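Q: Structure of the sequence below:
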Amino acid sequence: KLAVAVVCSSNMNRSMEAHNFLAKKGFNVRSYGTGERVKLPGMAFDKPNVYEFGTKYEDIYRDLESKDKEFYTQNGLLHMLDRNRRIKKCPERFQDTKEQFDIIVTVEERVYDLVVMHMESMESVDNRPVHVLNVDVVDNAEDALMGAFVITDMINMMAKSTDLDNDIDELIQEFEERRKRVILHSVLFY
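A: Numbering: from 1, shown residues only. The coordinates are given below.
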């Protein structure tokens, strides 16, 4: 019943996986990235595949396939892109998006800093609150859904709350103790 957004850095792995779960659960959710360019793993640790933040996931899939068709279907990148084409049209940049939410769950500290850093950029008349919650999650694809699970278990809990803004500060305190995690939470204005 609330607007949610998950944010990793390339809106490829983590963010999408949480995006899937939160959606198949019924939650109103969007997913973005903060990076400059979508970047995926390549043949080396120093040789990746970088793309425009506007390219179709469909084309990125076409691209990889018309290259190391084998390699990429194996490590997962092709199936992953397969899971994404069926939800969103193509990866989006958080920074540039008129869309607005109540809860913005980032997936890495590094990003948490960008989402906030940019939230403090403009300032509108709306003046209604949005909570930026960080829930660390390894960029790895295996942990991706392992994080979604955590990520949804927390929003699901926060979901059912007649007055989020007040007790949300305590729900986090409880979620922190139940999952033995460190949920960075900061206050930004829309």
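Q: wait, doesn't residue 161 sit right on residue 171?
A: Yes: here residue 161 lies in contact with residue 171, judged by C-beta atoms under 8 Å, at a distance of 7.0 Å. Where C-beta positions appear, they are placed from N, C-alpha and C, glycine not excepted.
Q: all strands of this structure, in order?
A: For the chain, the strands defined by DSSP state E cover 3-8, 28-33, 38-40, 49-51, 103-106, 129-134, 185-189.
Q: Who are the packing partners of the first one?
A: Pointing back at strand 3-8 there. The contact analysis (3 or more C-beta pairs under 8 Å, 6 or more residues apart in numbering; DSSP states H and E) places strand 3-8 against helix 14-24, strand 28-33, strand 103-106, helix 109-119.
Q: tilt between the second one and helix 14-24?
A: Spelled out, it's strand 28-33. Counting by axes from the mean of the first three to the mean of the last three C-alpha atoms, to 10 degrees, strand 28-33 lies at 170 degrees to helix 14-24.
Q: Okay, buried residues for strand 28-33 please.
A: In terms of neighbour count (16 or more other C-beta atoms under 10 Å), strand 28-33 has its buried residues at 29, 30, 31, 32, 33.
Q: Export those residues as a markdown table, with columns for distance to residue 1.
A: A markdown table is the format used below for the buried residues of strand 28-33 (distance: C-beta to C-beta, whole Å):
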| residue | distance to residue 1 |
| --- | --- |
| 29 | 12 |
| 30 | 15 |
| 31 | 19 |
| 32 | 21 |
| 33 | 25 |
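Q: Break this protein into its domains for me.
A: 1-35+92-190, 36-91 (curated CATH domains).
Q: So which elements touch the longest helix along the chain?
A: Identified as the longest helix of the chain according to DSSP state H is helix 141-159. Other helices and strands packing on helix 141-159, by 3+ C-beta pairs under 8 Å, 6+ apart, are helix 14-24, strand 103-106, helix 164-179.
Q: Apply 6 Å and report the result again.
A: Helices and strands touching helix 141-159, by 3 or more C-beta pairs under 6 Å, 6 or more residues apart in numbering; DSSP states H and E, are helix 14-24.
Q: How far does the helix it packs on sit from its chain's centre?
A: Taking C-alpha atoms, centre = their mean, to the nearest Å, one finds the center of helix 14-24 at 8 Å from the center of the full chain.
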